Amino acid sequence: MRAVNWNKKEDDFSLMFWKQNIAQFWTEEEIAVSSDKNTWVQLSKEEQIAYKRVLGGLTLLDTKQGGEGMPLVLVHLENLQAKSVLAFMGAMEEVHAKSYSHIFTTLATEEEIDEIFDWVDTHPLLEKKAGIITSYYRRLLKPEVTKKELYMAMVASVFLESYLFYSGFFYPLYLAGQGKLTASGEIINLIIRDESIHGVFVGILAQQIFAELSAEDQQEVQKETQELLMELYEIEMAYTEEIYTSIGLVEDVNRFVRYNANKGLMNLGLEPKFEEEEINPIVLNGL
């Protein structure tokens, strides 16, 4: 049985991603967020509710990525160096999830926090989107998986990392770009820096597996990937309408969702599917 041997490279990129993961290491103890209270109280109830809801959805996605997406993909990866990288990325998803709780403690009472988590758990669109992604991961709960199964789990993972988070990341960025909730915005920017490299890395792994598939299996997963993108898009457009109508930001968020969907496709080596639109300037300032 083989041990990981970093003296013999298994590929030309895992070491650089291993080093970058670690270089980016952080935890929530490093950024106090109590100073956000002064701008928190300047927001309206509708703005505060939207913020708490999107953070709840982000927490759900990181929970599933650390607890299912990274572990089940990594278990089935043959390359032991890449497996190492994925294990570290999965741990960072748990750091991210804990950091949202750190934000919640400043912005809400204990009872309000538990209400948000009940809202997350019962939410039909969050349940639907998380169910679609995790169905691909749960197919990997078997002793041996096919390359098509592993590829589609990696596609789902890239779509989570590079696309599904972004309807949620929009609002912290938008507020931080206006000087509001800037400490929480700093945390969100650290999370985004991690998710960006997660999506690039899993996308490299997916492209490698795809190229190993038979032509018939390639045609199958190509179609399934395009369908999945648009199945998720219909749900995202319902989610943004629900969350952002009250505060007038629906079309802005939808543009940002499309921009990030295109990045997820490019991380998979695939062509963009949405028209190019320039990033919202306030969001850009929040980044």
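From 1 onward, residues are counted along the sequence shown.
Modelled in this chain, residue 10 is likewise built in all the other compared entries whose models extend past it on both sides, so a third of them omitting it does not occur. Judged by the one-third criterion across other entries of this protein, residue 275, modelled here, is also modelled in every one of those that cover both its neighbours. Here 222-230 and 244-252 are compared by their mean Cα B-factor, and 244-252 comes out higher. Higher average CA B factor: 7-15, of the stretches 7-15 and 265-273.
Per the PDB entry, 118 shows the highest C-alpha temperature factor of the residues 194, 94, 118, 161.
The entry lists C-alpha B-factors for 50, 31, 70, 58, and the highest of these is at 31. Sort the chain's modelled residues by C-alpha temperature factor and residue 149 lands in the lowest third, per the entry.
Looking at the C-alpha B-factors along this chain, the one for residue 38 belongs to the highest third. In the PDB entry, a CA B factor belonging to the lowest third of its chain's modelled residues is recorded for residue 199.
Looking at the C-alpha B-factors along this chain, the one for residue 90 belongs to the lowest third. In this PDB entry, residue 236 carries a Cα temperature factor that places it within the middle third of its chain's modelled residues.
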